[PDB]
file data_36.pdb (PDB, N, CA and C atoms)
MODEL        1
ATOM      1  N   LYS G   1     211.740 245.774 109.429
ATOM      2  CA  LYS G   1     211.914 246.819 110.434
ATOM      3  C   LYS G   1     211.883 246.207 111.833
ATOM      4  N   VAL G   2     212.663 246.766 112.754
ATOM      5  CA  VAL G   2     212.644 246.307 114.142
ATOM      6  C   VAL G   2     211.942 247.311 115.041
ATOM      7  N   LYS G   3     210.875 246.866 115.687
ATOM      8  CA  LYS G   3     210.173 247.702 116.643
ATOM      9  C   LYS G   3     210.398 247.144 118.038
ATOM     10  N   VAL G   4     209.934 247.871 119.042
ATOM     11  CA  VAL G   4     209.854 247.327 120.380
ATOM     12  C   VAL G   4     208.371 247.172 120.728
ATOM     13  N   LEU G   5     207.974 245.957 121.107
ATOM     14  CA  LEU G   5     206.645 245.713 121.667
ATOM     15  C   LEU G   5     206.826 245.307 123.128
ATOM     16  N   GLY G   6     206.063 245.917 124.036
ATOM     17  CA  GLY G   6     206.292 245.683 125.447
ATOM     18  C   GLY G   6     205.072 245.833 126.335
ATOM     19  N   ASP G   7     205.227 245.478 127.605
ATOM     20  CA  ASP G   7     204.122 245.564 128.557
ATOM     21  C   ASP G   7     204.482 246.435 129.750
ATOM     22  N   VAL G   8     203.455 246.967 130.412
ATOM     23  CA  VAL G   8     203.616 247.563 131.712
ATOM     24  C   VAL G   8     203.668 246.415 132.690
ATOM     25  N   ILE G   9     204.602 246.444 133.633
ATOM     26  CA  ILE G   9     204.599 245.446 134.696
ATOM     27  C   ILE G   9     204.650 246.082 136.081
ATOM     28  N   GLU G  10     204.037 245.431 137.055
ATOM     29  CA  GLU G  10     204.125 245.913 138.419
ATOM     30  C   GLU G  10     205.384 245.320 139.014
ATOM     31  N   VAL G  11     206.187 246.162 139.646
ATOM     32  CA  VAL G  11     207.485 245.725 140.144
ATOM     33  C   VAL G  11     207.778 246.181 141.597
TER      34      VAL G  11
ATOM     35  N   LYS C   1     193.248 246.448 125.986
ATOM     36  CA  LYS C   1     194.531 246.246 126.651
ATOM     37  C   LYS C   1     195.520 247.344 126.265
ATOM     38  N   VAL C   2     196.442 247.659 127.166
ATOM     39  CA  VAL C   2     197.471 248.644 126.867
ATOM     40  C   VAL C   2     198.828 247.967 126.721
ATOM     41  N   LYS C   3     199.442 248.165 125.561
ATOM     42  CA  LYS C   3     200.782 247.668 125.295
ATOM     43  C   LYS C   3     201.709 248.849 125.091
ATOM     44  N   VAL C   4     202.988 248.575 124.923
ATOM     45  CA  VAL C   4     203.893 249.629 124.534
ATOM     46  C   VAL C   4     204.476 249.290 123.163
ATOM     47  N   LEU C   5     204.407 250.253 122.243
ATOM     48  CA  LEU C   5     205.016 250.133 120.917
ATOM     49  C   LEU C   5     206.053 251.235 120.759
ATOM     50  N   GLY C   6     207.283 250.879 120.428
ATOM     51  CA  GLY C   6     208.319 251.884 120.439
ATOM     52  C   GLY C   6     209.364 251.644 119.386
ATOM     53  N   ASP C   7     210.253 252.613 119.211
ATOM     54  CA  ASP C   7     211.330 252.476 118.241
ATOM     55  C   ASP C   7     212.679 252.565 118.925
ATOM     56  N   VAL C   8     213.700 252.028 118.266
ATOM     57  CA  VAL C   8     215.059 252.259 118.663
ATOM     58  C   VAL C   8     215.429 253.604 118.087
ATOM     59  N   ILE C   9     216.071 254.457 118.876
ATOM     60  CA  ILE C   9     216.567 255.730 118.349
ATOM     61  C   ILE C   9     218.047 255.970 118.651
ATOM     62  N   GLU C  10     218.722 256.675 117.750
ATOM     63  CA  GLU C  10     220.123 257.006 117.943
ATOM     64  C   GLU C  10     220.186 258.319 118.719
ATOM     65  N   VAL C  11     220.863 258.314 119.859
ATOM     66  CA  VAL C  11     220.835 259.484 120.736
ATOM     67  C   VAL C  11     222.221 260.006 121.194
TER      68      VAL C  11
ATOM     69  N   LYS X   1     224.542 256.564 121.417
ATOM     70  CA  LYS X   1     223.826 255.626 122.276
ATOM     71  C   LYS X   1     222.470 255.287 121.660
ATOM     72  N   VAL X   2     222.015 254.051 121.844
ATOM     73  CA  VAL X   2     220.693 253.652 121.367
ATOM     74  C   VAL X   2     219.715 253.502 122.521
ATOM     75  N   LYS X   3     218.647 254.283 122.482
ATOM     76  CA  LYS X   3     217.597 254.170 123.479
ATOM     77  C   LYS X   3     216.355 253.600 122.817
ATOM     78  N   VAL X   4     215.345 253.307 123.621
ATOM     79  CA  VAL X   4     214.033 253.010 123.090
ATOM     80  C   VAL X   4     213.102 254.160 123.490
ATOM     81  N   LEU X   5     212.451 254.769 122.498
ATOM     82  CA  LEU X   5     211.379 255.731 122.747
ATOM     83  C   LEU X   5     210.077 255.115 122.241
ATOM     84  N   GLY X   6     209.020 255.155 123.052
ATOM     85  CA  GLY X   6     207.803 254.459 122.689
ATOM     86  C   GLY X   6     206.525 255.053 123.249
ATOM     87  N   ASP X   7     205.391 254.520 122.806
ATOM     88  CA  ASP X   7     204.094 255.015 123.261
ATOM     89  C   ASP X   7     203.261 253.903 123.880
ATOM     90  N   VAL X   8     202.311 254.294 124.730
ATOM     91  CA  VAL X   8     201.269 253.403 125.165
ATOM     92  C   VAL X   8     200.263 253.363 124.040
ATOM     93  N   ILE X   9     199.786 252.179 123.675
ATOM     94  CA  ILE X   9     198.699 252.096 122.707
ATOM     95  C   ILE X   9     197.539 251.247 123.216
ATOM     96  N   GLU X  10     196.330 251.585 122.802
ATOM     97  CA  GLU X  10     195.186 250.770 123.156
ATOM     98  C   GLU X  10     195.080 249.682 122.108
ATOM     99  N   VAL X  11     194.931 248.446 122.558
ATOM    100  CA  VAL X  11     194.947 247.312 121.643
ATOM    101  C   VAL X  11     193.801 246.297 121.893
TER     102      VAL X  11
ATOM    103  N   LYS O   1     202.163 264.850 128.279
ATOM    104  CA  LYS O   1     202.051 263.573 127.580
ATOM    105  C   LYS O   1     202.932 262.515 128.242
ATOM    106  N   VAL O   2     202.523 261.256 128.147
ATOM    107  CA  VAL O   2     203.326 260.168 128.685
ATOM    108  C   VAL O   2     203.923 259.339 127.555
ATOM    109  N   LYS O   3     205.246 259.240 127.557
ATOM    110  CA  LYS O   3     205.966 258.410 126.604
ATOM    111  C   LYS O   3     206.667 257.298 127.358
ATOM    112  N   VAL O   4     207.300 256.399 126.631
ATOM    113  CA  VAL O   4     208.144 255.427 127.283
ATOM    114  C   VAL O   4     209.582 255.635 126.809
ATOM    115  N   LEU O   5     210.505 255.730 127.767
ATOM    116  CA  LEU O   5     211.940 255.819 127.483
ATOM    117  C   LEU O   5     212.633 254.624 128.120
ATOM    118  N   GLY O   6     213.385 253.863 127.343
ATOM    119  CA  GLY O   6     213.913 252.633 127.883
ATOM    120  C   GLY O   6     215.259 252.286 127.313
ATOM    121  N   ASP O   7     215.893 251.270 127.883
ATOM    122  CA  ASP O   7     217.190 250.825 127.393
ATOM    123  C   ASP O   7     217.122 249.381 126.939
ATOM    124  N   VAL O   8     218.065 248.996 126.086
ATOM    125  CA  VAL O   8     218.279 247.613 125.772
ATOM    126  C   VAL O   8     219.113 247.062 126.902
ATOM    127  N   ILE O   9     218.759 245.890 127.417
ATOM    128  CA  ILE O   9     219.590 245.239 128.432
ATOM    129  C   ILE O   9     219.940 243.792 128.083
ATOM    130  N   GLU O  10     221.114 243.352 128.521
ATOM    131  CA  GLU O  10     221.542 241.983 128.292
ATOM    132  C   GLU O  10     221.022 241.135 129.451
ATOM    133  N   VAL O  11     220.258 240.096 129.143
ATOM    134  CA  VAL O  11     219.592 239.333 130.198
ATOM    135  C   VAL O  11     219.797 237.798 130.140
TER     136      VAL O  11
ATOM    137  N   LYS W   1     220.112 237.001 126.072
ATOM    138  CA  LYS W   1     218.931 237.577 125.435
ATOM    139  C   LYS W   1     218.904 239.089 125.658
ATOM    140  N   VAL W   2     218.404 239.834 124.677
ATOM    141  CA  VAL W   2     218.258 241.281 124.826
ATOM    142  C   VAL W   2     216.799 241.669 125.005
ATOM    143  N   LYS W   3     216.499 242.297 126.131
ATOM    144  CA  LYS W   3     215.159 242.797 126.378
ATOM    145  C   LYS W   3     215.191 244.316 126.346
ATOM    146  N   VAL W   4     214.020 244.928 126.421
ATOM    147  CA  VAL W   4     213.939 246.352 126.662
ATOM    148  C   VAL W   4     213.341 246.550 128.059
ATOM    149  N   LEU W   5     214.054 247.289 128.910
ATOM    150  CA  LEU W   5     213.513 247.735 130.193
ATOM    151  C   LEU W   5     213.375 249.254 130.135
ATOM    152  N   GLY W   6     212.218 249.783 130.534
ATOM    153  CA  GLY W   6     211.975 251.201 130.363
ATOM    154  C   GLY W   6     211.025 251.821 131.369
ATOM    155  N   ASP W   7     210.906 253.144 131.322
ATOM    156  CA  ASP W   7     210.032 253.860 132.247
ATOM    157  C   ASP W   7     209.001 254.695 131.505
ATOM    158  N   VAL W   8     207.895 254.993 132.187
ATOM    159  CA  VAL W   8     206.973 256.001 131.736
ATOM    160  C   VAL W   8     207.585 257.325 132.126
ATOM    161  N   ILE W   9     207.581 258.300 131.225
ATOM    162  CA  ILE W   9     208.013 259.642 131.598
ATOM    163  C   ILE W   9     206.982 260.702 131.227
ATOM    164  N   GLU W  10     206.913 261.763 132.013
ATOM    165  CA  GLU W  10     206.033 262.863 131.672
ATOM    166  C   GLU W  10     206.811 263.779 130.752
ATOM    167  N   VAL W  11     206.192 264.159 129.644
ATOM    168  CA  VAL W  11     206.892 264.934 128.627
ATOM    169  C   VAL W  11     206.082 266.151 128.108
TER     170      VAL W  11
ATOM    171  N   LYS E   1     205.890 249.849 141.860
ATOM    172  CA  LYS E   1     206.325 250.692 140.751
ATOM    173  C   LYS E   1     205.951 250.060 139.412
ATOM    174  N   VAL E   2     205.719 250.892 138.404
ATOM    175  CA  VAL E   2     205.423 250.387 137.071
ATOM    176  C   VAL E   2     206.589 250.658 136.129
ATOM    177  N   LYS E   3     207.106 249.588 135.539
ATOM    178  CA  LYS E   3     208.160 249.682 134.542
ATOM    179  C   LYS E   3     207.623 249.182 133.216
ATOM    180  N   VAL E   4     208.429 249.279 132.177
ATOM    181  CA  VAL E   4     208.059 248.651 130.932
ATOM    182  C   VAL E   4     209.092 247.573 130.604
ATOM    183  N   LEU E   5     208.606 246.369 130.304
ATOM    184  CA  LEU E   5     209.450 245.258 129.859
ATOM    185  C   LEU E   5     209.006 244.841 128.464
ATOM    186  N   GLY E   6     209.922 244.811 127.511
ATOM    187  CA  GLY E   6     209.495 244.586 126.151
ATOM    188  C   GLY E   6     210.511 243.825 125.348
ATOM    189  N   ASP E   7     210.126 243.422 124.144
ATOM    190  CA  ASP E   7     211.038 242.703 123.266
ATOM    191  C   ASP E   7     211.249 243.468 121.975
ATOM    192  N   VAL E   8     212.355 243.174 121.300
ATOM    193  CA  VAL E   8     212.559 243.623 119.954
ATOM    194  C   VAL E   8     211.802 242.652 119.081
ATOM    195  N   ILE E   9     211.051 243.154 118.108
ATOM    196  CA  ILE E   9     210.385 242.269 117.149
ATOM    197  C   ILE E   9     210.667 242.642 115.692
ATOM    198  N   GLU E  10     210.688 241.637 114.825
ATOM    199  CA  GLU E  10     210.902 241.866 113.406
ATOM    200  C   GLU E  10     209.539 242.121 112.767
ATOM    201  N   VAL E  11     209.386 243.260 112.106
ATOM    202  CA  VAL E  11     208.069 243.649 111.605
ATOM    203  C   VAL E  11     208.018 244.053 110.109
TER     204      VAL E  11
ENDMDL
END
call {"tool": "encode", "arguments": {"input": "data_36.pdb", "output": "structure tokens"}}
result
Amino acid sequence: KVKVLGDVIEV
Amino acid sequence: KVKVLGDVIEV
Amino acid sequence: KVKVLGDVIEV
Amino acid sequence: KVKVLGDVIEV
Amino acid sequence: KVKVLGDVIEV
Amino acid sequence: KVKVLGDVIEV
């Protein structure tokens, strides 16, 4: 299965 | 810690 | 169209 | 509620 | 490379 | 501003 794993970033 | 876990969806 | 829908999780 | 909505991008 | 770029949304 | 940056992962 393909998931998305990600972070909050300050931009 | 806070991460983001998500799925691909057909829209 | 393919989007990503996701949640914040505590890890 | 807070969700995450995102796109796939070519980088 | 393919990344996911996304936003927090109120839902 | 806060965005989400993430990767596709095989799970």
call {"tool": "select_by_dssp", "arguments": {"input": "data_36.pdb", "residues": "chain E", "states": "strand (DSSP E)", "output": "MDAnalysis selection string"}}
result
chainID E and resid 2:10
call {"tool": "resolve_selection", "arguments": {"input": "data_36.pdb", "expression": "the PyMOL selection byres ((chain C and name CA) within 9 of (chain O and name CA))", "output": "ChimeraX atom specification"}}
result
/C:4-6
call {"tool": "calpha_fit_and_write", "arguments": {"input": "data_36.pdb", "fixed": "chain G", "moving": "chain W", "output": "PDB file with N, CA and C atoms, in the frame of the given file"}}
result
ATOM      1  N   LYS W   1     211.741 245.774 109.429  1.00  0.00           N
ATOM      2  CA  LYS W   1     211.914 246.819 110.434  1.00  0.00           C
ATOM      3  C   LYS W   1     211.883 246.206 111.834  1.00  0.00           C
ATOM      4  N   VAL W   2     212.663 246.766 112.754  1.00  0.00           N
ATOM      5  CA  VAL W   2     212.644 246.307 114.142  1.00  0.00           C
ATOM      6  C   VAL W   2     211.942 247.311 115.042  1.00  0.00           C
ATOM      7  N   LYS W   3     210.875 246.866 115.687  1.00  0.00           N
ATOM      8  CA  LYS W   3     210.173 247.702 116.643  1.00  0.00           C
ATOM      9  C   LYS W   3     210.398 247.144 118.038  1.00  0.00           C
ATOM     10  N   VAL W   4     209.934 247.871 119.042  1.00  0.00           N
ATOM     11  CA  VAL W   4     209.854 247.327 120.380  1.00  0.00           C
ATOM     12  C   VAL W   4     208.370 247.172 120.728  1.00  0.00           C
ATOM     13  N   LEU W   5     207.973 245.956 121.107  1.00  0.00           N
ATOM     14  CA  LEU W   5     206.645 245.713 121.668  1.00  0.00           C
ATOM     15  C   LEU W   5     206.826 245.307 123.128  1.00  0.00           C
ATOM     16  N   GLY W   6     206.063 245.917 124.036  1.00  0.00           N
ATOM     17  CA  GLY W   6     206.292 245.682 125.447  1.00  0.00           C
ATOM     18  C   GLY W   6     205.072 245.833 126.334  1.00  0.00           C
ATOM     19  N   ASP W   7     205.227 245.477 127.606  1.00  0.00           N
ATOM     20  CA  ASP W   7     204.122 245.564 128.557  1.00  0.00           C
ATOM     21  C   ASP W   7     204.482 246.435 129.750  1.00  0.00           C
ATOM     22  N   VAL W   8     203.455 246.967 130.412  1.00  0.00           N
ATOM     23  CA  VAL W   8     203.616 247.563 131.711  1.00  0.00           C
ATOM     24  C   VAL W   8     203.668 246.415 132.690  1.00  0.00           C
ATOM     25  N   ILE W   9     204.602 246.444 133.633  1.00  0.00           N
ATOM     26  CA  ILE W   9     204.599 245.447 134.696  1.00  0.00           C
ATOM     27  C   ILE W   9     204.649 246.082 136.081  1.00  0.00           C
ATOM     28  N   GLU W  10     204.037 245.431 137.055  1.00  0.00           N
ATOM     29  CA  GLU W  10     204.125 245.913 138.419  1.00  0.00           C
ATOM     30  C   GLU W  10     205.384 245.319 139.014  1.00  0.00           C
ATOM     31  N   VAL W  11     206.187 246.162 139.646  1.00  0.00           N
ATOM     32  CA  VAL W  11     207.485 245.724 140.144  1.00  0.00           C
ATOM     33  C   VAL W  11     207.777 246.181 141.598  1.00  0.00           C
TER      34      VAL W  11
END
